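Just one chain is shown here, as structure tokens, and it is the form deposited in one PDB entry.
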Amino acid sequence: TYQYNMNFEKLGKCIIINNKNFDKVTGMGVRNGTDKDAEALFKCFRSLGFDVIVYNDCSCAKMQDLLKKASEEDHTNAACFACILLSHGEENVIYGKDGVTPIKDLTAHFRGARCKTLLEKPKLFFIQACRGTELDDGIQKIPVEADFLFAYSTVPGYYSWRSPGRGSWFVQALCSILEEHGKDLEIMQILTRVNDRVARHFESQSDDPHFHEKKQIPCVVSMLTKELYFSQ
């Protein structure tokens, strides 16, 4: 056996929450380039076979409802599920336009038999919640539920960088590697390469002496029980 069965009418759904502009009450700023990332992720995942839908500047209420509804839809014919969050974030929590929401709440909706139609099926969450805060330098969890996998752009207590023009390093890497091996490599090989790609070569820096040179590395959390290949 060893692999998640991909014999279904569709690969499954891909929700992309792209939070760029936030309220005055949150105190957060505009995440430029998040649109270069969202489009790239859209194309990439779409060509992987996902029925991708992109939501912009969502409130915590929506991101929440947005996922409760999805967990409520019937996935009997879906092979898996994937959610992609692009926003500001801190600890186990992402920013909505009007505040902040605990990641655990978003993924809860799928937790175990609370979404039977997706049971035994991989639930993927890709999170790029830049600015955790406290960066790095330079050298040289949630769902307690099987079949969930997380890929964090930053990491628990860091600050991943990008460029307000070219976009995030994680996304560029994620998309590029998927846009070439998405159908011939197991999900963990894809992600491991993204890790190296983000590590090697790129070396985070800034125009401010307080954020100058801060090496970051993505993080993968896996509760998967099989090997995951997209080529159904």
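The first residue of the shown sequence is 1; numbering continues from there.
Below: the form deposited with a partner chain bound, not depicted.
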### Task
Spell it out for me: taking its partner chain in the deposited bound form, does every residue among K13, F50 and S71 have a heavy atom no farther than 4.5 Å from it?
no
### Query
Is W169 close enough to its partner chain in the deposited bound form to count, meaning some heavy atom within 4.5 Å?
yes
### Task
Mark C80 yes when one of its heavy atoms lies within 4.5 Å of a heavy atom of its partner chain in the deposited bound form, and no otherwise.
no
### Task
Mark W161 yes when one of its heavy atoms lies within 4.5 Å of a heavy atom of its partner chain in the deposited bound form, and no otherwise.
yes
### Query
Taking heavy atoms only, is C130 within 4.5 angstroms of its partner chain in the deposited bound form?
yes
### Task
Would you kindly say which of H88, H75, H109, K97 lies with a heavy atom within 4.5 Å of its partner chain in the deposited bound form?
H88
